[PDB]
Structure formats: C-alpha cells, structure tokens
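*Asks:* Protein chains in written order, with the working numbering: chain X, 1 to 128; chain F, 1001 to 1128.
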Ligand SMILES: [Co+2]
Ligand SMILES: [Co+2]
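#1: For residue 1016(F), count neighbouring Cβ atoms within 10 angstroms of its own Cβ and tell me buried if that reaches 16, exposed if not.
#2: Checking contacts by CB at 7 Å: is residue 1067(F) closer than that to chain X?
#3: Whole-angstrom Cβ separation of residue 42(X) and residue 24(X), contact assumed at under 8 Å?
#4: List in chain order the residues whose CB is within less than 5 Å of at least one heavy atom of ligand 2.
#5: I'd like to know whether the C-beta atoms of residue 1069(F) and residue 69(X) end up nearer to each other than 7 Å.
#6: Go to residue 1084(F), then tell me how far its alpha helix (DSSP H) extends in each direction, as first and last residue.
#7: With burial defined as no fewer than 16 other Cβ atoms inside 10 Å of the residue's Cβ, what is the status of residue 127(X): buried or exposed?
#8: In this structure, does DSSP put residue 1020(F) in helix, strand or coil?
#9: Apart from the five residues on each side of it in sequence, which residues of its chain come closer than 6 Å, Cβ to Cβ, to residue 1032(F)?
#10: Under the assumption that residue 80(X) contacts residue 12(X) (Cβ atoms under 8 Å), give the Cβ distance between them as a whole number of angstroms.
#11: Tell me the DSSP secondary structure of residue 1002(F) in three-state form.
#12: Can you give the Cα-Cα distance for residue 1109(F) and residue 1071(F), rounded to whole angstroms?
#13: Please state whether the Cβ-Cβ distance between residue 1094(F) and residue 1126(F) is less than 7 Å.
#14: Give me the subset of the stretch 1075 to 1091 of chain F whose CB atoms are less than 8 Å from a CB atom of chain X, sorted by chain position.
#15: Give every residue of the same chain whose Cβ lies closer than 8 Å to the Cβ of residue 61(X), excluding the five residues on either side of it in the sequence, and list them in chain order.
#16: Label residue 30(X) either buried or exposed according to how many other C-beta atoms from any shown protein chain fall within 10 Å of its C-beta, with 16 as the threshold for buried.
#17: Please list the residues of the stretch 47 to 71 of chain X that have a C-beta atom closer than 8 Å to any C-beta atom in chain F, keeping them in chain order.
#18: Mind checking if residue 31(X) is an interface residue toward chain F, Cβ cutoff 7 Å exclusive?
#19: Bridge partners for residue 7(X) per DSSP, in chain order?
#20: Counting only Cβ-Cβ distances shorter than 8 Å, please list the residues of the stretch 1001 to 1015 of chain F near chain X, keeping chain order.
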C-alpha cells in the first residue's frame, strides 16, 4: 500500500496548474471534467501516479474561494535550492512565509511558502 | 524533487497513530517532541521516508480540536482490500462515508472514510 495523492480545492485551475508546474517543476499528469458534479481536476506531480504520490487539484465550477481552516498543515517538497525556490515562488503567484534557512538546532535548510490559494508548502533542501 | 509528506493537525496523537497503523496498516516511522513550542510529531507511512511520501501528524499540547475548513480535500491511499478496510474502520473509531464499491463509470473499487479527527480518506483498491 502507498500514499496516492493529496487533494486540494483551488479557486482557479489554470492558476494552480501554472504554479505547480512552471514554478515548482511538477508535470501535469492528467485532467478531467465532470458535468454531473460540476468540477474539473488536474493531477500534478514529480512522477507518474503509479510511481509517486501526487497532488489532486480540484476546481469546482464557479467557485473561486474556500476557507483554509486551521486543521490542514501543508505538503512538504524536496528542493535542490530552497533560496532559489523561494525567490521564484514569491515572484510567481506565491508567498514566502518563512525564509530559507536551517532549523533551530539543525543544519537542514528549509522554508515555508504559500501557493496561489494560500496553501502552505514546506520546502526541504536536499564548499560554497 | 519529490513530494515528501502531507502534514495534518490532530487532536490526539496516540489516537491518530493507532488509527493509521492498526486500522490502515501503516507503520510508525518516527516521533518527536518540541518542548519549546509545546507540540509533538509523528510520521506514519507504508514505506521509508527516503523512498516515498508519508503523513506527518501534529499534536499541539492541550489542543484537541481544529476547524477543518472547506479547502482541504483528502488523502488517497491504495488499499489491499477496500471492503475489509471499511469494516475494520467502522469498528475501530471511524466512519465510512462511502461504502466500498466500484467507481461511478468505472470498475475500480473505492471507498471513502473518516479518520478520528474527521479528515477525509479515499481508499483505492488498485515499470513492472
Ligand atoms: Co512537514
Ligand atoms: Co482523490
């Protein structure tokens, strides 16, 4: 068994698609639309659904805003260069809430950012 | 790059651990405590963090409830036996919001359940 995906409702499908792909480097894996339930989906990830856990972006027709709440935490993604990522994100529809840097009493470099809809994303970096 | 994990805040750490492991078949990968900020973490998954995505459970001391909101959707997991999981769930602190059964317009068996904190979980009975 394995983790397949995490679904998040977005206010604007293409906007989220652009962010996850163009900014974060993911690939659009597949899309779909459903007239009965009035929604469109977009699956984005760093690998195919058979190989990795991805993200399910859900767009409910005519719905551009939700209540984030206080329960949901975030999604953590690995990055080659957190600082670079941060800059790219902040300049392309995102927001940096925690500048890139080591964790207190640690050496591991991390950052926290927000996507176009306010979703928190944790970036974890993987002799200049 | 890769998707590392999805973080969810819970009202009772152990309760949550018991659920993901005992009911869903996950394993406790690691746990940590942060006395400074008064919170505890537990990582649960089907495989090692180095290879796949896992779930990060956050317990803030003295906090037993949160506001779920309308944004977060769910986490989808591949399941060995959907019907069985539903049974197990139903009798081990959980609700089954969608009985195990083929997907509308498909053949793939799926179900929907709730964890002890009301989080939605999609169970899917699915190189080489
Ligand atoms: Co995290
Ligand atoms: Co789903």
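Think of the CB as a built atom: it goes at the ideal place given N, C-alpha and C, for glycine as much as any other residue.
*Replies:* To lay it out plainly:
#1: Within the second chain, residue 1016(F) is the residue found at index 16, counting from 1. The residue in question, residue 1016(F), is buried, as its Cβ has 16 or more Cβ neighbours within 10 Å.
#2: Locating residue 1067(F) in the second chain gives position 67, where the first residue counts as 1. Any Cβ of chain X closer than 7 Å to the Cβ of residue 1067(F) would place that residue at the interface, and such an atom is present.
#3: Position 42 of the first chain, counted from the start, is the residue given in the question as residue 42(X). Position 24 of the first chain, counted from the start, is the residue given in the question as residue 24(X). No, residue 42(X) and residue 24(X) are not in contact; Cβ-Cβ is about 13 Å, not under 8 Å.
#4: 7(X), 56(X), 1076(F), 1122(F)
#5: Taking the first residue of the second chain as position 1, residue 1069(F) is located at position 69. Taking the first residue of the first chain as position 1, residue 69(X) is located at position 69. Closer than 7 Å, so yes.
#6: The residue labelled residue 1084(F) in the question sits at position 84 within the second chain. Run containing residue 1084(F): 1082 to 1090, per the alpha helix (DSSP H) assignment.
#7: Along the first chain, read from residue 1 onward, the residue named residue 127(X) stands at position 127. Classification of residue 127(X): exposed, given that the 10 Å Cβ count is below 16.
#8: The sequence position of residue 1020(F) within the second chain is 20, counting from 1. Under the three-state reduction of DSSP, residue 1020(F) is assigned to helix.
#9: Counted from its first residue, the second chain places residue 1032(F) at position 32. Within its own chain, the residues whose Cβ lies closer than 6 Å to the Cβ of residue 1032(F), once the five positions on either side in sequence are excluded, are 1041, listed in chain order.
#10: Walking along the first chain from the start, residue 80(X) turns up at place 80. Walking along the first chain from the start, residue 12(X) turns up at place 12. Between residue 12(X) and residue 80(X) the Cβ distance is about 28 Å, and since that is not below 8 Å, they are no contact.
#11: Taking the first residue of the second chain as position 1, residue 1002(F) is located at position 2. Residue 1002(F): coil per DSSP, three-state reduction.
#12: Position 109 of the second chain, counting from 1, holds the residue named residue 1109(F). Position 71 of the second chain, counting from 1, holds the residue named residue 1071(F). Using only the alpha carbons, I get a separation of about 25 Å.
#13: Locating residue 1094(F) in the second chain gives position 94, counting from the first residue. Locating residue 1126(F) in the second chain gives position 126, counting from the first residue. Cβ distance not < 7 Å, so residue 1094(F) and residue 1126(F) don't count as in contact.
#14: 1075, 1076, 1077, 1078, 1079, 1080
#15: Mapped onto the first chain, residue 61(X) falls at position 61. Listed in chain order, the non-local C-beta contacts of residue 61(X) below 8 Å within the same chain comprise 38, 39, 40, local neighbours out to five positions each way being set aside.
#16: Mapped onto the first chain, residue 30(X) falls at position 30. Classification of residue 30(X): exposed, given that the 10 Å Cβ count is below 16.
#17: 47, 50, 51, 52, 53, 54, 55, 56, 58, 66, 67, 68, 69, 70, 71
#18: To locate residue 31(X), count along the first chain from 1; it is residue 31. No, its Cβ sits nowhere closer than 7 Å to a Cβ of chain F.
#19: Taking the first residue of the first chain as 1, we reach residue 7(X) at position 7. 56(X), 1074(F), per the DSSP bridge assignment.
#20: 1001, 1002, 1003, 1004, 1005, 1006, 1007, 1008, 1009
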